[PDB]
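Just the heavy atoms: all of them, side chains too, but no hydrogens, waters or symmetry mates, feed the values below. Residue numbers count from 1 along this sequence.
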Amino acid sequence: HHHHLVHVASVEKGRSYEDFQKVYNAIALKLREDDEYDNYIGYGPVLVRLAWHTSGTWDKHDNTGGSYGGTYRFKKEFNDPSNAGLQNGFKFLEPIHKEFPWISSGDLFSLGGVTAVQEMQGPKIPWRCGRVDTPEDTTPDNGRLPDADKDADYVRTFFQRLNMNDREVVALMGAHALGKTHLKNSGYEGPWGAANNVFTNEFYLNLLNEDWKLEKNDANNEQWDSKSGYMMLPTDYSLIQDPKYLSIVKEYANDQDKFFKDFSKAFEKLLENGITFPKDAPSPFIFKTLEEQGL
Ligand code: HEM
Ligand SMILES: [Co+2]
Ligand SMILES: [Mn+2]
Ligand code: NA
């Protein structure tokens, strides 16, 4: 059994590193300017989640979904219950897309995530251009993004569809250092940590070090809560119930640099799943932060 859907990366006509650095800079400047959003968390976390949700529809079996097509712009995916709240990220990106109308939707959504991680002091994420918009009938159906009310076996099985192994899964879930759950979006409420617009290994430290109590929230869903005001989803808590996940959680809690390196690889892989880069395509771009540019 096999399929023949191939998505070849095609560089936006005549564009090079300097063009994409300008898009990065525009995103980063707006992150700095529109910093009141979500009680001064800012838009960084929602842009990371947008990049992940637009990429995380991928199915390795038939190459449907994924970042290439930019299909979140279509109402079926836009209105996926799993994507509730991402509209805020999309709205943030609208004036960026207006200024740089040549960038594909896929490139913009993925670059938004890269920019957010880097501007929030995370590792450098190499990023490749060339995603090409595909039509409305290529939009994947709802239900390909993960449920939160599940255990480690669910998590492991879920992520096999994205060709992610245990280490890649645990690394990727470290992004929950950023932002928070919002009851109206997901039926869960609260942050995973304190410094939730700074990219760190705090998710792993909190998971291991806090005193967690299994509680019911105001939407009648179970979540783990600490006296510090943090929370963990059942899927997150499963990373310390499963012995193979627990070993990796401990590794990243004890070595931020290792987490950063593994996250960077896994996040680039996530954003590139399903894309064929031709042999003569440009090398991955590593963008400078605003702080690096003195901007
Ligand atoms: C089993 C896998 C996962 C589950 C079940 C899950 C679940 C959730 C849920 C329920 C929220 C709250 C949404 C809201 O109420 O606004 C959330 C937020 C978030 N997740 Fe995940 N997540 C998963 C994996 C990931 C991955 C792989 C990434 C990135 C690499 C990620 C990044 C984020 C970010 C950045 C937010 C914050 C959004 C904000 O503050 O606006 N998550 N996640
Ligand atoms: Co098939
Ligand atoms: Mn065939
Ligand atoms: Na400010």
Side-chain angles (χ1 to χ4, degrees), residues 23-56 72-73 77-98 108-122 125 145-148 172-207 210 215 217-219 221 223-233 235-236 263 267 270-271 289-291:
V23 182
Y24 178 106
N25 287 176
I27 294 164
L29 286 165
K30 192 180 176 63
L31 281 173
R32 182 194 285 166
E33 176 62 24
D34 297 1
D35 61 358
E36 312 207 329
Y37 174 79
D38 203 4
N39 296 303
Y40 290 79
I41 292 165
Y43 281 95
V46 74
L47 292 178
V48 177
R49 189 193 164 218
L50 179 62
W52 138 238
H53 278 206
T54 56
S55 303
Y72 176 85
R73 72 190 189 281
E77 188 170 346
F78 197 80
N79 295 321
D80 186 346
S82 300
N83 291 337
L86 295 182
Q87 302 95 338
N88 297 316
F90 187 82
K91 264 192 177 71
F92 175 103
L93 295 170
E94 278 181 6
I96 307 298
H97 215 349
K98 192 178 170 183
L108 186 58
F109 301 153
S110 61
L111 182 55
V114 168
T115 307
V117 170
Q118 292 191 184
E119 292 297 301
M120 292 188 293
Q121 310 181 45
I125 316 292
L145 294 160
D147 300 323
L172 286 168
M173 289 173 76
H176 287 153
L178 308 172
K180 66 189 288 291
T181 64
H182 304 264
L183 201 75
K184 288 160 75 72
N185 291 341
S186 64
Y188 296 95
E189 181 58 45
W192 292 268
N196 63 347
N197 63 14
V198 182
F199 195 94
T200 73
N201 71 338
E202 194 191 349
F203 169 75
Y204 309 103
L205 290 162
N206 291 353
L207 190 50
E210 294 287 296
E215 304 189 324
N217 64 35
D218 295 342
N221 295 313
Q223 59 178 70
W224 293 88
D225 298 329
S226 82
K227 72 202 173 170
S228 310
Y230 313 147
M231 63 85 76
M232 294 281 153
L233 304 163
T235 46
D236 310 339
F263 179 85
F267 197 57
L270 179 72
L271 300 185
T289 60
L290 296 179
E291 195 88 76

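Between the side chain of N83 and the main chain of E77, a donor-acceptor pair closer than 3.5 Å is present. Between the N217 side chain and the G187 main chain, a donor and an acceptor come within less than 3.5 Å of each other. Side-chain atoms of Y24 do not come within 3.5 Å of backbone N or O of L111 as any donor-acceptor pair. In this structure, the side chain of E119 does not engage the main chain of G44 through any donor-acceptor pair within 3.5 Å. In this structure, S55 contributes its side chain and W52 its backbone to no donor-acceptor pair below 3.5 Å. Looking only at distances, a side-chain donor or acceptor of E189 sits under 3.5 Å from a matching main-chain atom of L183.
The NE2 atom of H176 lies 7.5 Å from the OG1 atom of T235; values are rounded to the nearest 0.5 Å. In this structure, OH on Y43 lies 11.5 Å from CD on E33, to the nearest 0.5 angstrom. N196 CG to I41 CD1: the interatomic distance, rounded to the nearest 0.5 Å, is 4.5 Å. Of the inter-residue distances, the one linking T200 atom OG1 with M120 atom CE reads 11.0 Å to the nearest 0.5 angstrom. Rounding to the nearest 0.5 Å places OG1 of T115 at 8.5 Å from CG of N25.
Inter-residue side-chain proximity for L233 and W192 is flagged as met; some heavy-atom pair is nearer than 4.5 Å. Looking at heavy atoms from C-beta onward, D80 lies out of side-chain contact with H53 at the 4.5 angstrom threshold. Within the 4.5 Å cutoff, the side chain of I27 has heavy atoms near those of the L47 side chain. Taking the side chain as every heavy atom from C-beta outward, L50 and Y72 approach each other to under 4.5 Å. When side chains are defined from C-beta on, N185 does not count as touching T181, because their heavy atoms never get closer than 4.5 Å. Side chains of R73 and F78 form no contact here, defined as non-hydrogen atoms less than 4.5 Å apart.
The environment of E215 atom CD is dense: over 12 non-hydrogen atoms of other residues, nucleotides or ligands sit within 6.0 angstrom.
Take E210 and apply the side-chain contact (heavy atoms from CB on, under 4.5 Å) test, not counting sequence neighbours, and it matches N206, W212, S226, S228, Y230.
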Enumerate, atom names and distances included, each donor-acceptor pair closer than 3.5 Å involving a side-chain atom of residues 84-95, sequence neighbours excluded.
| residue | atom | partner | partner atom | Å |
| --- | --- | --- | --- | --- |
| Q87 | OE1 | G85 | N | 2.9 |
| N88 | ND2 | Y37 | OH | 3.0 |
| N88 | ND2 | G85 | O | 3.3 |

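Shortest non-hydrogen contact noted between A51 and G113 is CB-CA, 3.7 Å. The two residues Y188 and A148 come nearest to each other via the heavy atoms CE1-CB, 3.7 Å. Of all non-hydrogen atoms in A175 and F263, the two that sit nearest each other are CB-CE1, 3.9 Å. The minimum heavy-atom distance between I125 and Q118, with the atom names listed, is N-OE1, 2.9 Å.
Donor-acceptor pairing under 3.5 Å is recorded for the side chains of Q223 and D225.
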request  = Verify side chain to side chain contact (heavy atoms under 4.5 Å, CB included) between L108 and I96, making sure each step is shown before the conclusion.
outcome  = CA-CA 9 Å; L108 186 58; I96 307 298; 3.9 Å; yes
message = Working note: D236 + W224, criterion side chain to side chain contact (heavy atoms under 4.5 Å, CB included); need CA distance, chi angles, decisive distance, verdict.
response = CA-CA 9 Å; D236 310 339; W224 293 88; over 6 Å; no
key: Verdict with reasoning, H182 to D38, per side chain to side chain contact (heavy atoms under 4.5 Å, CB included)   = CA-CA 10 Å; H182 304 264; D38 203 4; 2.8 Å; yes
task = With side chain to side chain contact (heavy atoms under 4.5 Å, CB included) as the test, would you mind laying out the steps for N197 and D35 before giving the verdict?
result = CA-CA 10 Å; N197 63 14; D35 61 358; over 6 Å; no
